[PDB]
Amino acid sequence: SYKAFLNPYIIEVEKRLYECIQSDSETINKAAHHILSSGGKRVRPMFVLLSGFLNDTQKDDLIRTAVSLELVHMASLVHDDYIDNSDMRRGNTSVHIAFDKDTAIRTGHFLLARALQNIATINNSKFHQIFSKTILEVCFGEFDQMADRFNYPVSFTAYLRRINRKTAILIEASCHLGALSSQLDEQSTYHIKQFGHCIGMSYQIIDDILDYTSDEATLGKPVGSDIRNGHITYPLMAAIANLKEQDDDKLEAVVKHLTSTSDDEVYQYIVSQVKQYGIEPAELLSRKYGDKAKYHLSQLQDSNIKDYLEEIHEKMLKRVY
């Protein structure tokens, strides 16, 4: 399976990840270790490695790119958790609670620094153009998301843009950068690139679905956390639209008037309306991106590496397939 072939590399990047976090500073080392210890599926290094294996070539750059992408990913998590007040991280407590605010913000910048250090060896402007551009896009998406809190309506284009920047682009950068550090065929680079984009889009939709459909156990936080923090997502958008087809715009009215001080009763109503009217269309959307990802995988040369990607595509999108 994919865990079999990547196993040797996974432990290698994991080893290097711990090397990168070492610090003559006591707290930072502890803090960096704290989040690196947490259960991460290391899905991004996986996409990097597999991207470089699409063509025959061995490079030190490949595995060290995977390391930097993880460090960046984790840097955003530490900052995110503090910003969004998320006190728990998959069973383990988050950095700002286990230490403090100052350590939380320092550790994030520290992880980013080391991540940048790790790839400073790659003398390639295009590589840095892509990576620095995606990091910027992530930031940009965060600004808009923050401004969209409790601001209805949120256009369909703005939503796609939001989930693209917040989840899709980084995964796409994993496939893009992984392909660069192996001089991959351009037509083949386009397909693994678009695959990374589509899989990320699909995954983030599913996650937006689960916020409404799953239990606080699989979520690690209350059901309907997005809307309670002001985030208007496609499931809600789709539910409102369906209700309007039945000549019922009460949900629209409510969401329009929703503010940060709204009552729990209003949220419970929204959540149940979404479960009843907004789930199917969101699943349908997610499936479109899932299918599109399949196409891009099918347009690249038949090989062993193709099968691994195809198997991970099945797992990550289990909720829709």
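From 1 onward, residues are counted along the sequence shown.
*Asks:* Can you tell me whether 85-93 has a higher mean C-alpha B factor than 205-213 in this record, or the other way round?
*Replies:* According to the PDB entry, the answer is 85-93.
*Asks:* So which stretch wins on mean C-alpha B-factor, 244-252 or 105-113?
*Replies:* Going by the record's values, the stretch with the higher mean is 105-113.
*Asks:* Highest CA temperature factor in the entry: which of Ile28, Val271, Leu258, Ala282?
*Replies:* It is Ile28.
*Asks:* Based on the entry's values, in what third of the chain does the Cα temperature factor of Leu184 lie: lowest, middle or highest?
*Replies:* Highest third.
*Asks:* If you rank the chain by CA B-factor, which third does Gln276 end up in: lowest, middle or highest?
*Replies:* Lowest third.
*Asks:* Split the chain's modelled residues into thirds by Cα B-factor; is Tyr267 in the lowest, middle or highest one?
*Replies:* For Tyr267, the deposited C-alpha B-factor lands in the lowest third.
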